[PDB]
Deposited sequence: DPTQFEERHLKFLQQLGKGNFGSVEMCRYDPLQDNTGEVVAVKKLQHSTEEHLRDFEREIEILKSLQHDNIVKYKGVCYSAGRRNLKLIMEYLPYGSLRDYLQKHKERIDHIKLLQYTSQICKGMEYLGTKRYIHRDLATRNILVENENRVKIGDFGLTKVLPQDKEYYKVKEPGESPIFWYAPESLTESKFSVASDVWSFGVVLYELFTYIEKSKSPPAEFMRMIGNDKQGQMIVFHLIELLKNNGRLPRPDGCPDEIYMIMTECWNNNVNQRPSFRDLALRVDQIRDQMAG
């Protein structure tokens, strides 16, 4: 649908080891009347990374949900993924900036939208593998969307987990212990990560309170990090309750952080509990 020549670069939205997102204007009439869009491309395109990117594109294209960033199309000379542009950006940066304006009732509305997005994923047998507030996007004051799917895998038909160990840098501080020790990824490791996302929110993204900073303090400030992490978690070492967090929200977090994969709640039970807590804060 999109031509490379009609896509004008406006700014960088985020750069990683394997990907980059840009704000661009798609202006086919060249009269500065096209819509601003978000454009994801590989930064150092391997052919494996390209094949993964093609699948990421096919995943996003197959998703249609209020809390999932919209697919617009592809563009090539090559491959670019064109998405809707969300003007408020990542929940992470948005929470950090507007922390004095965002109360707990709002945090739980975001939380509940993230669960519904995640339940819709698990419905297609997709495992996200990268739930973090940096990958959640703010559409408006009342709406968040899951906004990146670079690490998302389809479960095979005959299995409820997927095994994979990619080279380089893994977000280890959001990983369930069976993902660190066995490279096993399931709906339940996504639930583990969701618990860490909930922790993030309730910390209001206070610099020294992030999971990397907290687990590093607990371990002791290279390759040895994951080993010490694994041991800490097996001993039931865990992220502290955030400042001002209710016992009942922290209970949800700690339940998400069960070492017993099978004892972790489902996404729809998470949504029931959160929506129940929300109503007991309002009415």
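Could you give the ranges of the deposited sequence that carry no C-alpha coordinates?
Absent from the structure are positions 1 to 3, 81 to 84, 229 to 231.
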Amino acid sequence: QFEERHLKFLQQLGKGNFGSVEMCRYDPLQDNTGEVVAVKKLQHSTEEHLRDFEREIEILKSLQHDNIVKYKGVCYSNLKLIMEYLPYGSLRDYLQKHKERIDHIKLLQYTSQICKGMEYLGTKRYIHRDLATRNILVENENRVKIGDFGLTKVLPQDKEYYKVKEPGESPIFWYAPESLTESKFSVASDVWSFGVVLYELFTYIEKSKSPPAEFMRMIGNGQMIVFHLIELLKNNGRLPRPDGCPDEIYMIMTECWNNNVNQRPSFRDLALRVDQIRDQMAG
From here on, numbers count along this sequence of modelled residues.
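Comparing 210 to 218 with 251 to 259, which has the greater mean CA B-factor as deposited?
According to the entry, 210 to 218 carries the higher average C-alpha B-factor.
When the Cα temperature factors in the entry are averaged, is it 13 to 21 or 261 to 269 that ends up higher?
For C-alpha atoms only, the mean B-factor is higher in 13 to 21.
Out of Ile68, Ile57, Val36, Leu42, which shows the largest CA B-factor listed in the entry?
Result of the comparison over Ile68, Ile57, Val36, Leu42: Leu42.
From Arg143, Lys106, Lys159, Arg125, which pick has the Cα B-factor that tops the rest in the entry?
Within the set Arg143, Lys106, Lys159, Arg125, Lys159 shows the top C-alpha B-factor.
Considering every modelled residue of the chain and its Cα B-factor in the PDB entry, is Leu201 in the lowest, middle or highest third?
According to the entry, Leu201 has a C-alpha B-factor in the chain's lowest third.
Ordered by C-alpha B-factor within the chain, which third holds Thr181? Give me lowest, middle or highest, please.
For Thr181, whose C-alpha B-factor we compare with every modelled residue in the chain, the answer is the middle third.
Taking only the Cα B-factors deposited for this chain, tell me whether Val164 sits in the lowest, middle or highest third.
Top third by C-alpha B-factor.
Lowest, middle or highest third: which one holds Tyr110 when the chain's residues are ordered by CA B-factor from the entry?
Answer is lowest: the recorded C-alpha B-factor places it there.
Considering every modelled residue of the chain and its Cα B-factor in the PDB entry, is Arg129 in the lowest, middle or highest third?
According to the entry, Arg129 has a C-alpha B-factor in the chain's lowest third.
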